[PDB]
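Undergrad: Sharing final07.pdb (PDB, C-alpha atoms) below.
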ATOM      1  CA  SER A1856       0.000   0.000   0.000
ATOM      2  CA  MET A1857       1.088   3.689   0.264
ATOM      3  CA  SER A1858       4.718   3.852   1.524
ATOM      4  CA  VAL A1859       4.624  -0.018   2.116
ATOM      5  CA  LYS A1860       6.469  -2.085  -0.438
ATOM      6  CA  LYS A1861       7.725  -5.656  -0.818
ATOM      7  CA  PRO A1862      11.484  -5.880  -1.432
ATOM      8  CA  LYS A1863      12.507  -4.853  -5.089
ATOM      9  CA  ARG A1864      12.933  -7.970  -7.412
ATOM     10  CA  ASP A1865      15.767  -7.237  -9.900
ATOM     11  CA  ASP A1866      14.012  -6.928 -13.274
ATOM     12  CA  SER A1867      16.950  -5.273 -15.102
ATOM     13  CA  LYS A1868      17.789  -8.440 -17.102
ATOM     14  CA  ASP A1869      14.206  -9.391 -18.015
ATOM     15  CA  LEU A1870      14.363  -7.800 -21.545
ATOM     16  CA  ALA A1871      17.516  -9.695 -22.387
ATOM     17  CA  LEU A1872      16.341 -12.914 -20.962
ATOM     18  CA  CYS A1873      12.868 -12.749 -22.795
ATOM     19  CA  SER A1874      14.864 -12.078 -26.042
ATOM     20  CA  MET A1875      16.943 -15.191 -25.425
ATOM     21  CA  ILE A1876      13.910 -17.360 -24.804
ATOM     22  CA  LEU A1877      12.233 -15.940 -27.942
ATOM     23  CA  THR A1878      15.465 -16.786 -29.959
ATOM     24  CA  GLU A1879      15.283 -20.352 -28.746
ATOM     25  CA  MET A1880      11.560 -20.571 -29.734
ATOM     26  CA  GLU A1881      12.380 -19.008 -33.201
ATOM     27  CA  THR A1882      15.045 -21.672 -33.891
ATOM     28  CA  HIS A1883      13.096 -24.734 -32.720
ATOM     29  CA  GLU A1884      12.363 -27.068 -35.617
ATOM     30  CA  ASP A1885       8.634 -27.065 -34.859
ATOM     31  CA  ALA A1886       8.386 -23.216 -34.856
ATOM     32  CA  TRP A1887       7.411 -23.036 -38.607
ATOM     33  CA  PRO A1888       3.601 -22.603 -38.040
ATOM     34  CA  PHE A1889       4.304 -19.648 -35.733
ATOM     35  CA  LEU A1890       7.113 -17.623 -37.351
ATOM     36  CA  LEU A1891       4.888 -15.229 -39.312
ATOM     37  CA  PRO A1892       1.350 -13.936 -39.044
ATOM     38  CA  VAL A1893      -1.350 -16.231 -40.477
ATOM     39  CA  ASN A1894      -2.338 -14.842 -43.922
ATOM     40  CA  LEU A1895      -5.890 -13.572 -43.296
ATOM     41  CA  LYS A1896      -6.561 -13.314 -47.043
ATOM     42  CA  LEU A1897      -5.597 -16.916 -47.704
ATOM     43  CA  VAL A1898      -6.896 -18.870 -44.717
ATOM     44  CA  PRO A1899     -10.665 -19.140 -44.548
ATOM     45  CA  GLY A1900     -12.229 -18.668 -41.183
ATOM     46  CA  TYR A1901      -9.105 -17.292 -39.398
ATOM     47  CA  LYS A1902     -10.020 -13.676 -39.361
ATOM     48  CA  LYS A1903     -13.517 -14.223 -37.900
ATOM     49  CA  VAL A1904     -12.679 -16.916 -35.450
ATOM     50  CA  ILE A1905      -9.290 -15.755 -33.943
ATOM     51  CA  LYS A1906     -10.003 -12.488 -32.358
ATOM     52  CA  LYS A1907      -6.371 -11.699 -31.436
ATOM     53  CA  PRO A1908      -3.836 -13.186 -33.893
ATOM     54  CA  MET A1909      -0.252 -13.466 -32.567
ATOM     55  CA  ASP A1910       2.997 -14.925 -33.992
ATOM     56  CA  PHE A1911       6.724 -14.934 -33.078
ATOM     57  CA  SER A1912       7.666 -12.153 -35.543
ATOM     58  CA  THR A1913       5.054  -9.833 -34.052
ATOM     59  CA  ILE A1914       6.260 -10.649 -30.492
ATOM     60  CA  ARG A1915       9.840  -9.960 -31.676
ATOM     61  CA  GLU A1916       8.913  -6.539 -33.043
ATOM     62  CA  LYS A1917       6.882  -5.648 -29.895
ATOM     63  CA  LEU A1918       9.857  -6.775 -27.725
ATOM     64  CA  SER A1919      12.359  -4.726 -29.724
ATOM     65  CA  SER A1920      10.267  -1.518 -29.632
ATOM     66  CA  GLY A1921       9.353  -1.426 -25.883
ATOM     67  CA  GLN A1922       5.783  -2.476 -26.208
ATOM     68  CA  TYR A1923       5.961  -5.043 -23.339
ATOM     69  CA  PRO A1924       5.640  -3.244 -19.990
ATOM     70  CA  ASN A1925       6.751  -6.272 -18.026
ATOM     71  CA  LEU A1926       7.733  -9.969 -18.416
ATOM     72  CA  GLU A1927       4.049 -11.108 -17.731
ATOM     73  CA  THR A1928       2.680  -9.266 -20.762
ATOM     74  CA  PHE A1929       5.427 -11.024 -22.829
ATOM     75  CA  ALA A1930       4.322 -14.504 -21.536
ATOM     76  CA  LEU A1931       0.654 -13.642 -22.297
ATOM     77  CA  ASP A1932       1.443 -13.053 -26.025
ATOM     78  CA  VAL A1933       3.566 -16.220 -26.230
ATOM     79  CA  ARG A1934       0.682 -18.262 -24.663
ATOM     80  CA  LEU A1935      -1.792 -16.509 -27.058
ATOM     81  CA  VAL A1936       0.169 -18.002 -29.956
ATOM     82  CA  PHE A1937      -0.525 -21.517 -28.585
ATOM     83  CA  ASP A1938      -4.056 -20.922 -27.505
ATOM     84  CA  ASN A1939      -4.882 -19.655 -30.965
ATOM     85  CA  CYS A1940      -3.228 -22.706 -32.484
ATOM     86  CA  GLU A1941      -5.370 -25.053 -30.292
ATOM     87  CA  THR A1942      -8.541 -23.087 -31.207
ATOM     88  CA  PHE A1943      -8.022 -23.579 -34.947
ATOM     89  CA  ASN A1944      -6.103 -26.851 -35.362
ATOM     90  CA  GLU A1945      -6.928 -30.444 -34.478
ATOM     91  CA  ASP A1946      -4.615 -32.012 -31.804
ATOM     92  CA  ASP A1947      -3.871 -34.849 -34.277
ATOM     93  CA  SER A1948      -2.412 -32.639 -37.076
ATOM     94  CA  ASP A1949       1.155 -31.605 -37.726
ATOM     95  CA  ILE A1950       0.361 -27.990 -36.670
ATOM     96  CA  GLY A1951      -1.721 -29.066 -33.632
ATOM     97  CA  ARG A1952       1.200 -31.242 -32.385
ATOM     98  CA  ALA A1953       3.700 -28.455 -33.154
ATOM     99  CA  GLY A1954       1.726 -26.158 -30.886
ATOM    100  CA  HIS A1955       1.663 -28.525 -27.977
ATOM    101  CA  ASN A1956       5.388 -29.215 -28.340
ATOM    102  CA  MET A1957       6.248 -25.493 -28.431
ATOM    103  CA  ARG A1958       4.059 -24.638 -25.476
ATOM    104  CA  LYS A1959       5.872 -27.320 -23.425
ATOM    105  CA  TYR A1960       9.240 -26.060 -24.568
ATOM    106  CA  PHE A1961       8.285 -22.475 -23.624
ATOM    107  CA  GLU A1962       6.849 -23.261 -20.203
ATOM    108  CA  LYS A1963      10.024 -25.110 -19.131
ATOM    109  CA  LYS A1964      12.306 -22.257 -20.240
ATOM    110  CA  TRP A1965       9.993 -19.824 -18.469
ATOM    111  CA  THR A1966      10.060 -21.726 -15.116
ATOM    112  CA  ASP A1967      13.804 -22.383 -15.325
ATOM    113  CA  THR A1968      14.687 -18.765 -16.112
ATOM    114  CA  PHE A1969      12.300 -16.907 -13.762
ATOM    115  CA  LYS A1970      10.754 -19.272 -11.048
TER
END
Mind turning this structure into structure tokens?
TA:
Amino acid sequence: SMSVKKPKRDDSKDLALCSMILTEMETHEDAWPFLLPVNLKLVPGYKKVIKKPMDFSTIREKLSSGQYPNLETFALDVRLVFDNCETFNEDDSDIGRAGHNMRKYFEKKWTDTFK
């Protein structure tokens, strides 16, 4: 509350460390469904159904331009990528499996770096 604060967690390396995680996600072999924004002209249904599209290139540009206020808003966009993927893709498809794999990969790096 006013003039009553928990001890200050060092957040000075968060930007660098989110960039490193994002590099590791970009270079994973199963990243290919997620590297670029889904082409809303060429994929029927995507625009109407997926209210907030998100992809790794868009996270990279937001990260680089100071549009994440803190590491939690960064994790929300990463998770959005996978939640969108599960909304639109069967679990038993190459893309559906890619999304589960990447989400697992992310959540481990997240826990190991920050928790």
Undergrad: Please give the centre and size of the box around region 1879-1895 of chain A (axis-aligned, containing every atom listed in the file, 3 Å added per side), with values in Å to one decimal and written as JSON.
TA:
{"center_x": 4.7, "center_y": -20.3, "center_z": -36.3, "size_x": 27.2, "size_y": 19.5, "size_z": 21.2}
Undergrad: Give me the residues near region 1874-1886 of chain A as a list in words, where near means some atom within 7 Å (using all atoms listed in the file) and where sequence neighbours in that chain fewer than 6 positions away do not count.
TA: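 The residues that qualify are residues 1911, 1953 and 1964 of chain A.
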Undergrad: For the residues in that selection, give me C-alpha atoms as a short mmCIF file (atom, residue, chain, number, x, y, z; two decimals), in the coordinates of the input.
TA:
data_model
loop_
_atom_site.label_atom_id
_atom_site.label_comp_id
_atom_site.auth_asym_id
_atom_site.auth_seq_id
_atom_site.Cartn_x
_atom_site.Cartn_y
_atom_site.Cartn_z
CA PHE A 1911 6.72 -14.93 -33.08
CA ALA A 1953 3.70 -28.46 -33.15
CA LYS A 1964 12.31 -22.26 -20.24
#
Undergrad: From the list A:1895, A:1864, A:1921, A:1931, which residue is nearest residue 1965 (chain A) when using all atoms listed in the file?
TA: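 For residue 1965 (chain A), the nearest of the candidates is A:1931.
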Undergrad: Give as a list in words the set of residues within 10 Å of the point (-1.3, -21.0, -31.2), where distances use the file's coordinates and only C-alpha atoms.
TA: residues 1888, 1889, 1905, 1908, 1909, 1910, 1932, 1933, 1934, 1935, 1936, 1937, 1938, 1939, 1940, 1941, 1942, 1943, 1944, 1950, 1951, 1953, 1954, 1955, 1957 and 1958 of chain A
Undergrad: Restricting it to C-alpha atoms, dump the selection as a PDB file, in the coordinates of the input.
TA:
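Writing done, so here's again-v2.pdb:
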ATOM      1  CA  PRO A1888       3.601 -22.603 -38.040  1.00  0.00           C
ATOM      2  CA  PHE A1889       4.304 -19.648 -35.733  1.00  0.00           C
ATOM      3  CA  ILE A1905      -9.290 -15.755 -33.943  1.00  0.00           C
ATOM      4  CA  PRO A1908      -3.836 -13.186 -33.893  1.00  0.00           C
ATOM      5  CA  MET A1909      -0.252 -13.466 -32.567  1.00  0.00           C
ATOM      6  CA  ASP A1910       2.997 -14.925 -33.992  1.00  0.00           C
ATOM      7  CA  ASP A1932       1.443 -13.053 -26.025  1.00  0.00           C
ATOM      8  CA  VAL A1933       3.566 -16.220 -26.230  1.00  0.00           C
ATOM      9  CA  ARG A1934       0.682 -18.262 -24.663  1.00  0.00           C
ATOM     10  CA  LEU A1935      -1.792 -16.509 -27.058  1.00  0.00           C
ATOM     11  CA  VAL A1936       0.169 -18.002 -29.956  1.00  0.00           C
ATOM     12  CA  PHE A1937      -0.525 -21.517 -28.585  1.00  0.00           C
ATOM     13  CA  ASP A1938      -4.056 -20.922 -27.505  1.00  0.00           C
ATOM     14  CA  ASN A1939      -4.882 -19.655 -30.965  1.00  0.00           C
ATOM     15  CA  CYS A1940      -3.228 -22.706 -32.484  1.00  0.00           C
ATOM     16  CA  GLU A1941      -5.370 -25.053 -30.292  1.00  0.00           C
ATOM     17  CA  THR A1942      -8.541 -23.087 -31.207  1.00  0.00           C
ATOM     18  CA  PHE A1943      -8.022 -23.579 -34.947  1.00  0.00           C
ATOM     19  CA  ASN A1944      -6.103 -26.851 -35.362  1.00  0.00           C
ATOM     20  CA  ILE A1950       0.361 -27.990 -36.670  1.00  0.00           C
ATOM     21  CA  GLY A1951      -1.721 -29.066 -33.632  1.00  0.00           C
ATOM     22  CA  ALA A1953       3.700 -28.455 -33.154  1.00  0.00           C
ATOM     23  CA  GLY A1954       1.726 -26.158 -30.886  1.00  0.00           C
ATOM     24  CA  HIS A1955       1.663 -28.525 -27.977  1.00  0.00           C
ATOM     25  CA  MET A1957       6.248 -25.493 -28.431  1.00  0.00           C
ATOM     26  CA  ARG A1958       4.059 -24.638 -25.476  1.00  0.00           C
TER      27      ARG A1958
END
Undergrad: Quote the spacing between CA of residue 1891 (chain A) and CA of residue 1915 (chain A) in Å to one decimal place.
TA: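 CA of residue 1891 (chain A) sits 10.5 Å away from CA of residue 1915 (chain A).
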Undergrad: Quote the spacing between CA of residue 1952 (chain A) and CA of residue 1893 (chain A) in Å to one decimal place.
TA: 17.2 Å
Undergrad: Looking at A:1963, A:1907, A:1956, A:1923, which one is nearest to residue 1892 (chain A), with distances taken over all atoms listed in the file?
TA: A:1907
Undergrad: Using Å and a single decimal, report how far CA of residue 1869 (chain A) sits from CA of residue 1962 (chain A).
TA: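 Pair CA of residue 1962 (chain A) / CA of residue 1869 (chain A) returns 15.9 Å.
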Undergrad: Could you complete region 1940-1955 of chain A so that it carries N, CA, C and O atoms, and give it back as a compact mmCIF listing (two decimals), keeping the file's coordinate frame?
TA:
# COMPACT_ATOMS: atom_id res chain seq x y z
N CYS A 1940 -3.54 -21.49 -31.72
CA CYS A 1940 -3.23 -22.71 -32.48
C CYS A 1940 -4.21 -23.83 -32.08
O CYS A 1940 -4.72 -24.56 -32.98
N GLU A 1941 -4.43 -23.98 -30.79
CA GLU A 1941 -5.37 -25.05 -30.29
C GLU A 1941 -6.83 -24.76 -30.69
O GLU A 1941 -7.63 -25.67 -30.96
N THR A 1942 -7.19 -23.49 -30.73
CA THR A 1942 -8.54 -23.09 -31.21
C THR A 1942 -8.83 -23.50 -32.67
O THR A 1942 -9.96 -23.91 -33.01
N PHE A 1943 -7.86 -23.40 -33.54
CA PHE A 1943 -8.02 -23.58 -34.95
C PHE A 1943 -7.55 -24.91 -35.53
O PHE A 1943 -7.85 -25.18 -36.73
N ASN A 1944 -6.79 -25.70 -34.78
CA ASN A 1944 -6.10 -26.85 -35.36
C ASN A 1944 -6.44 -28.10 -34.48
O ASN A 1944 -6.57 -28.02 -33.25
N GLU A 1945 -6.75 -29.18 -35.19
CA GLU A 1945 -6.93 -30.44 -34.48
C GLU A 1945 -5.62 -30.83 -33.74
O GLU A 1945 -4.49 -30.74 -34.31
N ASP A 1946 -5.77 -31.42 -32.54
CA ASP A 1946 -4.62 -32.01 -31.80
C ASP A 1946 -3.80 -33.02 -32.64
O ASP A 1946 -2.59 -33.02 -32.63
N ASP A 1947 -4.50 -33.85 -33.41
CA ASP A 1947 -3.87 -34.85 -34.28
C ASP A 1947 -3.68 -34.28 -35.70
O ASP A 1947 -4.38 -34.70 -36.69
N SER A 1948 -2.85 -33.26 -35.80
CA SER A 1948 -2.41 -32.64 -37.08
C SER A 1948 -0.97 -32.25 -36.85
O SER A 1948 -0.54 -32.13 -35.70
N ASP A 1949 -0.22 -32.01 -37.89
CA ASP A 1949 1.16 -31.60 -37.73
C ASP A 1949 1.21 -30.26 -36.95
O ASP A 1949 2.04 -30.10 -36.06
N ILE A 1950 0.32 -29.33 -37.31
CA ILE A 1950 0.36 -27.99 -36.67
C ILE A 1950 -0.10 -28.09 -35.23
O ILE A 1950 0.49 -27.43 -34.31
N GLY A 1951 -1.12 -28.93 -34.96
CA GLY A 1951 -1.72 -29.07 -33.63
C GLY A 1951 -0.60 -29.62 -32.70
O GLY A 1951 -0.43 -29.18 -31.52
N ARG A 1952 0.13 -30.64 -33.15
CA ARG A 1952 1.20 -31.24 -32.38
C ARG A 1952 2.37 -30.27 -32.17
O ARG A 1952 2.93 -30.20 -31.07
N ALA A 1953 2.68 -29.49 -33.21
CA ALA A 1953 3.70 -28.46 -33.15
C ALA A 1953 3.36 -27.53 -32.02
O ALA A 1953 4.29 -27.15 -31.25
N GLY A 1954 2.11 -27.12 -31.93
CA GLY A 1954 1.73 -26.16 -30.89
C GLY A 1954 1.84 -26.67 -29.49
O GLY A 1954 2.38 -26.02 -28.58
N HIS A 1955 1.45 -27.93 -29.30
CA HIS A 1955 1.66 -28.52 -27.98
C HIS A 1955 3.09 -28.63 -27.63
O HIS A 1955 3.43 -28.36 -26.47
